[PDB]
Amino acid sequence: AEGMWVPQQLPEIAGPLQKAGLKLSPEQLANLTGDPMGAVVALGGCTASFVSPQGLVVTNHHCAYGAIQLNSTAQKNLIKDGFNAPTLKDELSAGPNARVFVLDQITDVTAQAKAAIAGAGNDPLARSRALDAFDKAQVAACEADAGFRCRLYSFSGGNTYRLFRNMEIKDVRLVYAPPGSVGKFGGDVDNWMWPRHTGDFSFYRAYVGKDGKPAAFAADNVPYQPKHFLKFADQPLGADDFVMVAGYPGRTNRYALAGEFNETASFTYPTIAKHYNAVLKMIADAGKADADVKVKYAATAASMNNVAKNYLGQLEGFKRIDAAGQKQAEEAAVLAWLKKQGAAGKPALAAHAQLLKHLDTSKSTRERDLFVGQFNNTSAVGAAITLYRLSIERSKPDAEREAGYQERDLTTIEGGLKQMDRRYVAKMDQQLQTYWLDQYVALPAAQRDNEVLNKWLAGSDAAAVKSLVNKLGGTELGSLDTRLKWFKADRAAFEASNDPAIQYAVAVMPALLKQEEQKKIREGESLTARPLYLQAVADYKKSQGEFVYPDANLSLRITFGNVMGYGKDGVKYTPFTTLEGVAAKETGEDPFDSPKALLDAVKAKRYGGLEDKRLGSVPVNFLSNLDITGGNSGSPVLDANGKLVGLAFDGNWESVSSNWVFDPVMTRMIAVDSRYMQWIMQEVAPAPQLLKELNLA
């Protein structure tokens, strides 16, 4: 099924669900804090779910990569080796910014929100301020009670607003990670690819204080006791079987302008992919000189690889289906339907006009902005900026601070300063600074008009760069102790410091505030215009029959469909892989270097009671026609009776383009089978204490 359906749409997908094979009633799914929906949880930009009454939480390996990285060293490398905690007291802190969000409540605030936007009238900046003050106020009242964190979501370009209330668990700990050769089998070669043979899973545990409320890490913290948790399935999952996912997809752009798509396709994806592949070459090369670099920058590298490869796959996805054409046609098809309507269609035409005008701004300045943006987001310069910004925002009363820099956000900023001690190496940061500076000075002279940066460079040669990196080399912000002091410090200490990173942060901060202000004016303009056009586009879509659901916005969504393969001229991809496919791809070298205990077990056909008689072996990964995207990683896959049969982690090569234009023929989710998870834990990287917790011993 196409669709990232919101739970409020359960009425209209009820029939389709049952017809696909659901054997629960949809009313049981409509209880979002009941069984099974209430066990689905957000981590941030991943999904997860509870699977035990003592607060055990399962998700993807690549979602846990962060925490695993944080706790790794070059001597004791848990990314490579995996990890297991036989008792509570062995479990490792996932870090200060690890979160588990448990849904308390959703409420519609559409009428209020719109009334606040209307109360600002004409002026764009006011329209943006008013929405911002509405958000803050709704969030303050919702978060009055301790241990809740609330968020406001814009749907359908602003036609709908809903407020989510979550309990925010702040003490999360690692319990189990398989070896990297299992969790990340096939690495960057197999990424976005079927056939796939990857054991992408890991386990956390949620803790709270003795008193029951979320607390930061503490030795006397205790396991959280969830209302609801999923059970592993006792019914073997075969081809054509019903499946569904619930989760927190991030962003889709299916209702975007043909122009937005065109700027993305011909500038952003090729540019980013190109430069990422350069930076990655540089990190790999440094990482062989010193294995501390390899480990401290491994989360950055994994994430950049994923993005760069994704972008190359979307470009090609666009040729496969000519998305420039379809966008053009559907866009002109709508502008026509509106032309027909009895004077009531004229306001949406005016909206289209405004939205067009947004796109042209950057043609000459867009390489520059990337390069400057990326330099300002290297570690020491980025810390310096964050810190200096906060000191200004601390001037103001709390209600008027920028989102990001309120009281309720201090915890998180402070956690980031801490986390960077595990992700920072001076000699590597200097190479990154050098790289993006080298790309700025290589611009045409006309496009190199960042005045602060031109002053600090005093020229456009390679020697200007070298000399500025040497000067930025005298910063103290590579010390945690220093960072934590600056975290407390007054705006005036920043303005009077000779630390070079700080000096630079102070020099750039006026332009940064001005860029930020223009952005808010654009948001302000489109806050009556996007919702108008997106309603028209949707009414037109409902005209031709067809499915209408909102673009993803980090909120909870349901997708459903069936286990099934897909086809290309000469090829039919079957819906399952098995143990033998894993062995068959053995090269004895990264990324195909499975543990020996795996190769042994497969050679001896030690299936441990998990084989599917229809396949002849234990299945590994599987395909289905569910609609997911970034953020859906780690989402639980449920069978017709709401038991866990796999985790979502990826899609196939053809699916990546469907962020923009969905293709029902060749769009597929890749999930890891609950049977492979259990197999690995029995026969390869044993977790006996954990197989007992999940009642599988």
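In this text, the rigid core denotes the largest set of C-alpha atoms whose superposition between the two forms falls within 1.5 Å. For every residue, the number given is its place in the sequence shown, counted from 1.
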Relative to the presented form, and with the rigid core used for superposition, do the C-alpha atoms of 618 to 626 or of 458 to 466 deviate more in 4 other deposited structures of this protein? 458 to 466
After a core fit, does 342 to 350 or 265 to 273 show the bigger CA gap to the shown form in 4 other deposited structures of this protein? 342 to 350
Select between 190 to 198 and 455 to 463 the stretch whose C-alpha atoms have the higher average B-factor in the entry. 455 to 463
Quick note on 345 to 353 and 566 to 574: per-entry mean CA temperature factor is higher in 345 to 353
In terms of CA temperature factor as recorded, identify the highest of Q112, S395, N625, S303. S395
Residue with highest C-alpha B-factor in the PDB entry, from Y540, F164, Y297, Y224: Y540
C-alpha B factor of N253, ranked within the chain: lowest, middle or highest third? middle
Looking at the entry's B-factor column for C-alpha atoms only, identify whether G588 ranks in the lowest, middle or highest third of its chain. highest
Classify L359 as lowest, middle or highest third according to the C-alpha B-factor given in the PDB entry, relative to its own chain. highest
Lowest, middle or highest third: where is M37 by C-alpha B factor in its chain? middle
Lowest, middle or highest third: where is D171 by Cα B-factor in its chain? lowest
